[PDB]
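Okay, so we've got a single protein chain in two different forms coming up as structure tokens, structure 1 first and structure 2 after it.
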Structure 1
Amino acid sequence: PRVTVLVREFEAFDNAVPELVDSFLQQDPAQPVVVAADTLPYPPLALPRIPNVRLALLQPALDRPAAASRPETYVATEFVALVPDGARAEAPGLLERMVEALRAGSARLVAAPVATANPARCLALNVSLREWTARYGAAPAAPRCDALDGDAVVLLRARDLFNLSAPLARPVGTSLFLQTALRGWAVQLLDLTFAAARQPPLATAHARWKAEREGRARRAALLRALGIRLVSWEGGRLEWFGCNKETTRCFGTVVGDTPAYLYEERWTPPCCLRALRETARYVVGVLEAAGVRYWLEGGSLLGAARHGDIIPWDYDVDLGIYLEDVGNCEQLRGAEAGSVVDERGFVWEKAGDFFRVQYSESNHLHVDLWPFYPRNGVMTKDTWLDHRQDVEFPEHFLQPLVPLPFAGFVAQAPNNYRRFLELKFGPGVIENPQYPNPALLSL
């Protein structure tokens, strides 16, 4: 029946951790309390220097053993209560009751809101490591929940908390439930509530604005570190944490037609797909504006026919165009002389006998334009690459072209495009997805 209060979410420049710890100490002078930090907080916390109150510094240090940063080693009790800064212990026995709430219930974490300006509300949460995405929403089975948002004391067993890979990664409210929801654990939000501190931290607009900013920075670094590129919400809100126009793309050059993320049993990072989708939309826009006749090719046509979007592990977009229209588009005229950075940042190059448009000078997510010319009613070209799907095809497949949803817009595809896709890939290609190179890595 012994519970270690463990404090991790606080700002060194402005906290109420002294009040927090003293408030628990008034209910039990021998109360085990562990304040955790990456480095020594300054200005000093000035905690009581008694054996049951310890400061656990989790960063590596040349004069400290491995144990010194492993937090479970500061915790001897069966249960641990994560307490946010701004909380206060007043009524005695509140942790005893969360403990017997836990043993009675079936959720492996119980939680009690702190009566702050943002008391913990309950959230649904699915984590897709394969798609680098976490999706929150309202919780159907509240007070049974996957995740919380807001301030709460969270009690669970030390064996449960400290077997996680990142038990106290900040922000705790995000990092913890990402790991427990993935494991299928539930948090049950009890009806107990902890009081707020009497002199709460971040009392001024300047202080809380500095806290929020540093807090947004920790959260971004956390999600980047743990393979979450995108956080989405019921209602449509999106939080992006990956590549954009000014960065590089999220993965290096692709060997064996098998991108790095597949070997990590992951698919294309959602920010990379999104850059491809806007490059695709942009390139189609200037192609159509130039009167260049284009059509979805390769995996782009496949993904469009299969589910109207980029195949979730693909990393480029492929369009075929008529060779004799190439001249009508300015960017492409220039691309034959050299690389072309147009007024919107996209990079047009010729390299191969095809053209490539890159999202930006730094982000090399590309659209490939393959020019074909007709010879005896057969679309062909003069340079080949060793792939099953790089072949000639009858021109009647382009007479006419048909509207086909793709990557958020309506594209042009060959008529009878399922027959077209069967021609280049083999029978059943639409219904039988497979990785770009099953020889090395197969879905």
Structure 2
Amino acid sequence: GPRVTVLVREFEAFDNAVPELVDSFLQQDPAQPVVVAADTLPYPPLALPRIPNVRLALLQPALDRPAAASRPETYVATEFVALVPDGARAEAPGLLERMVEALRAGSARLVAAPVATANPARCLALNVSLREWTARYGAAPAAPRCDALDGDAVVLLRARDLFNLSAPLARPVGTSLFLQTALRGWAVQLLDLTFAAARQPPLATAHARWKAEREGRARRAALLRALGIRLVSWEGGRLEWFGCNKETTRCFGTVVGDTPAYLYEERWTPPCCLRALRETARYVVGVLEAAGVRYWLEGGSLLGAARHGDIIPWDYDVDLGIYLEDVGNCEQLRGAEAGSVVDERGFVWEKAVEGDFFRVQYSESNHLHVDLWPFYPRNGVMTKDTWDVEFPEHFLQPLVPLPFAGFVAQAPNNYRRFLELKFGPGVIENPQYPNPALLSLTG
């Protein structure tokens, strides 16, 4: 009895070669189990053979079906599942068997065989970091052992592994599967086997490709947002973003009890939010330097600068100190005492509700901000008559350059002494990343 169930999930209803795919596997073994899975009944009809080992699995809730009907493991009775993309065909007999033999003999929980299309599967490296909401892809250093595949491959793994993931069949499978398996530390072995292409390949015209790719990028975008992947990178670069921006709200919205929503989700600050914070800091610093406002990294920004030259990865704002006596040198600041001011580049400058400090928002919609805390000497010690620690004014005589958030910012001289006076001894050396369990106990 067959030990592998072919499963087809990646195809387009308007233009596919799924009937040829199914027919090709049935022509090596008429009893071969084949499952085609879809969110709704594909139209135009697929007209697959009406035989018991071929089944359409409709992954949608329906008023007249049991819970089992929308669960893909219901449709698989074999030990192994072979995910087969549309556009493949089985011509050499026994390829699924060789893949089973390779899986059992190897040490990778997945094995794959490229399909000989215009885009055969390439072996990739992938690091998934849920805390940084990032998926980092790269060339696979230990090919043919990989974390992920790009392109067309028959992928074979045990049904109990596949159907135990949270989103076994979320689309595109080429993205969702390896996000889940790579996070788990599993590997995929690119075998030296090749499945043939369909004789009449799907999506043969430019217009059909255009529709297919438009829908698939839309599925991918929605998939990465639902799964909490805000940034995709290739070799550290070619950033592809899925978070907040100048024209949207910031990811975590309004903060309740100075504990942003992302900490309860056991993650750190989204990288789109950190990116806007860096850009807003660079911009405010550039403006203050050109206007003649003396400023220095303050608080957690200074602490992040001194520790690793960037925003601390679970922080969500930037704090700078300024000489109160110099506020008038800056137009945006001058206007900020009157009322909120939207400058020429969309940055919003406000005088705070209470507490006498200035706030610069990334944009009118995206409320990530830099806070400016004005101080004035009172006989050698900086003070704000509203309350951020009081400190001696010689720490600013003079100020020091310090790498921060991708540029050079000004800091208090001997910032190490400055940091422990405000935070306590040894602060630079002992970071404490968020503690969700502790947070769960203490609200």
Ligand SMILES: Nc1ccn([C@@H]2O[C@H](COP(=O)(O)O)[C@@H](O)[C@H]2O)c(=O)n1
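Residue indices: 1-based, along structure 1. The term rigid core refers to the maximal set of C-alpha atoms that superpose within 1.5 Å between the two forms.
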| query | finding |
| --- | --- |
| Displayed copy of the chain that is the form deposited without this ligand | 2 |
| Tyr435: Cα shift of 2 Å or greater between structures 1 and 2 (core-aligned) | yes |
| Angstrom shift of the Cα atom of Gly235 between structures 1 and 2 (superposition on rigid core) | 5.4 |
| Angstrom shift of the Cα atom of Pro269 between structures 1 and 2 (superposition on rigid core) | 0.6 |
| Between structures 1 and 2, how far the Cα of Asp257 shifts once the core is aligned, in Å | 2.1 |
